[PDB]
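There is one chain below, alone, in structure tokens, taken in the form deposited in one PDB entry.
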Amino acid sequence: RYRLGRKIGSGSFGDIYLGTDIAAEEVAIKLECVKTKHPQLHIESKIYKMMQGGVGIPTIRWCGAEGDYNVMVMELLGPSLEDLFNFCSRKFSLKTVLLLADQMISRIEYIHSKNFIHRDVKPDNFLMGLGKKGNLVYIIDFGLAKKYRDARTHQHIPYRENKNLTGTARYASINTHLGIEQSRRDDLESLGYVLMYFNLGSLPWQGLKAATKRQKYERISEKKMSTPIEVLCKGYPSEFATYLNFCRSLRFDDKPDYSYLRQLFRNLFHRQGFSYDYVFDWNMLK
């Protein structure tokens, strides 16, 4: 039922295409070769299905195999926060950062409530909705997602060390750089780096080259460990440093206090005099 359009980029696993549901609507299409190596697309599809119904969780319309590809068809979403960041001249107003922070914490909480961690929290994996959902932040891409507790007993996965970094180095938590198994705290710590990225326009560990990838990650790790939160966040409201310190002090199997983290930013929002009219920076482009 689906005509494949132009390739719009790559995902954590497989290629992404702008596509068309010939009968009705435009859609997004993810393809994975059915026989190249270890398969991933069908597991990710199963996670989306477990996530179904949650606020800001995309709907899948069909998932199967068509010839030489495993295919997943997703409702079309709007631009990613990295796209919108570029469109807003790579700087977000405080109001927009706080509006985004409120929803993004909630999306991460939702994923955690369904027993999974995302492990690649970054602007590219959050997309705005379209039409009646144009003010809603969605989260995408479960290719790196992992179950962190047992569905029946809620027994947390064990602590593990000497792991290779998974996800994007720019936003990875310090413990991830140190080879620790990722848990709920790490999704939230990554979000903290995303919010300061939006505030600052960059992070101080961006753009570092080296010979091998290990050395580059090592530079990023060292720069992150050697930059105190009060220096990273210098000049910005204290809530951002409070947020990051809170995430960095969580124990491996701690349940984060998502409400407290949201309340930090909500209190700031109201002390700044902003109104929750869901008018983001991009809503003001002329």
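Rigid core (definition): largest C-alpha set, two forms, superposition within 1.5 Å. Start at 1 and count along the sequence shown; that's the residue number.
Absent from the display: the form solved in complex with a partner chain. The rest refers to it.
Using a 4.5 Å heavy atom cutoff, none of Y48, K114 and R149 lies near its partner chain in the deposited complex. Residue heavy atoms within 4.5 Å of its partner chain in the deposited complex occur in exactly one stretch of 151 to 159, 116 to 124, 97 to 105, 184 to 192, and that stretch is 116 to 124. For the chain shown alone, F274 is not a contact residue for its partner chain in the deposited complex, no non-hydrogen atom being within 4.5 angstroms. Of the heavy atoms in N164, some are within 4.5 Å of its partner chain in the deposited complex. For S12, a non-hydrogen atom is located within 4.5 Å of its partner chain in the deposited complex, even though that partner is not displayed. The closest heavy atom approach of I220 to its partner chain in the deposited complex falls within 4.5 Å.
Here is the short version: of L144, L200, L136, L178, the single residue with a heavy atom within 4.5 Å of its partner chain in the deposited complex is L144. A 2 Å or larger CA shift between the shown form and the other one, after fitting on the rigid core, occurs at just one of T36, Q52, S259, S249, namely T36.
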